Structure formats: C-alpha cells, structure tokens
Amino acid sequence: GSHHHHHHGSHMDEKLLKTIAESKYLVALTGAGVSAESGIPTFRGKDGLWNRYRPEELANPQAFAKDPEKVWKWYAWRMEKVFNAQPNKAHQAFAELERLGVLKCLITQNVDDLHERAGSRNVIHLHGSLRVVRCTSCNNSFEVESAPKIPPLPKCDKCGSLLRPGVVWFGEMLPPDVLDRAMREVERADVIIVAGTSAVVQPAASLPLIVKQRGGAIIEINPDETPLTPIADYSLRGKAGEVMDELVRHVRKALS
C-alpha cells in the first residue's frame, strides 16, 4: 500500500548488471508485450479483428464449441500475422543472452514463435503455440508453415474430427509436462527477468513468486507497473526492445 511501499531500482545501474552477470541460474518469463514491437499488438481487451469481443470470449473452449468457424477465423488471422512478423530487438536480446550462457531457460506465455525464430533454443510454451494445430478428439498433433484458409474447417486426417489451435485456453488445464518443467526451472532460478507481461493471468503470474521465496531476484521490464512490481527488486519502465537491447550490450561487455 501507500503505507507499505516497497522500493525497487529503476535503472540500468551497476548492481543490476552485476546481478544478471553474476547469476548462477537466470531464467525469463515473457508476456505479449515482448512481441508488440514485432507488429503483434497486445489486445488491450479487444479481439483486434471484429473488435467487439474481449480476447477471452474467443480463446475459450465453450466459444470454440459454439462457433468453431469464428474462433478459427480469429486464429487464422492471428497465425498469418505472427508467421509474417519478425523477431524484434527483445527476442534477439533474449536469444543472445542464452547464447552467452547466462539465460538458462525462457518460459513464455506467448503463442507466437518469435523467441524460436530469434534463435532461442530453450523455450517453454506455457500456453501452447500458434504453430501447432491439434485434434479436438484424438491425440494427433502437428506444426504448420502457414495459416489455414477457413472457408472449410480443418479436419483431422486420423479421426475425421475438428482440428483446433494448439494453444491453452482459459478453462483448460496446462499440459502437465509443460507445467512441471516450468516449475522446476523457477525452483532452480536465482534470478528471473519478467518482461512484457501484465502479471495477472495465472499460474504464470505466480512463477516469479517462487524465485522470490527461494531468495532469488526479480527483474521486471514493463512500461506499466503491475501486481508484480511491489515485489520486484528492479522494475524498468520501458519497452522490452530498447531495454533488453541496452541490457544485453552491457552484460556482453562486462561478461568479457
């Protein structure tokens, strides 16, 4: 509260750089903001296509069950834009930090494939991916090179059923193995960069808490303050592209 202020560093000072450079097991958690600079806007409450629905009204199993064509029209639109988008400076910076051996694992809530395309090897998709198309009925699953044309609904060539985007919607359990991996990674982390996320959607929002409780540091990068700020050792108000870019440069120099 106003009588319970917790203060955090707000600059790229030497202590911050020292915390990242000297970390023994640094990980990252990214949200949609990390791709905003690649041409993929955060939804800010509107579906972005028809602009009459909150995203949650479409990224939902009930909604999909009720109107597969509408939900698929939305995802094919998202897919095409993501597939044609390019990794930004943030994506590249995360890949770089991993190349440098500092970043151990990147957990992302994003369903885009920009971290991979930037070169990040160790990525956990907490909420699935737009690259994956899977069956609603059997276990058939595969990756696509392009968005499907939705005049006809995509159907599984194994069981004939309706295929769906390989993402996790609200009301759906995350894949157990994926969740397990994410937990073990943060239970192992001494430092965590949390960039481009509103820090409200669970359980992703809680991952930084685990690092915190085990004595690790939290480094938040967001142009906005979030429910996580009060517990962040550092909260930097800026775009992930500019901030991560500056961050990796300095870490790069100091790491030599």
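Throughout, we count residues from 1 along the sequence that is shown.
Enquirer: Check the entry's C-alpha temperature factors for 193-201 and 65-73, then say which stretch has the higher mean.
Expert: So the stretch with the higher mean C-alpha B-factor is 65-73.
Enquirer: Quick check on the record: does 90-98 or 158-166 carry the larger mean Cα temperature factor?
Expert: Stretch with the higher mean C-alpha B-factor: 90-98.
Enquirer: For the C-alpha B-factor as written in the entry, point me to the maximum among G45, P227, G39, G33.
Expert: Answer for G45, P227, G39, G33: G45, with the highest C-alpha B-factor.
Enquirer: Considering only modelled residues of the same chain, in which third does the CA B-factor of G171 rank: lowest, middle or highest?
Expert: For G171, the deposited C-alpha B-factor lands in the highest third.
Enquirer: Compare the C-alpha B factor of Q213 with those of the other modelled residues in its chain, then answer lowest, middle or highest third.
Expert: Its C-alpha B-factor belongs to the highest third of this chain's values.
Enquirer: Lowest, middle or highest third of the chain for the C-alpha temperature factor of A147?
Expert: It falls in the top third of the chain.
Enquirer: Classify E57 as lowest, middle or highest third according to the C-alpha B-factor given in the PDB entry, relative to its own chain.
Expert: Ranked within chain, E57 CA B lands in the middle tercile.
Enquirer: Once the chain's modelled residues are ordered by C-alpha B factor and cut into thirds, is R121 in the lowest, middle or highest one?
Expert: Answer is highest: the recorded C-alpha B-factor places it there.
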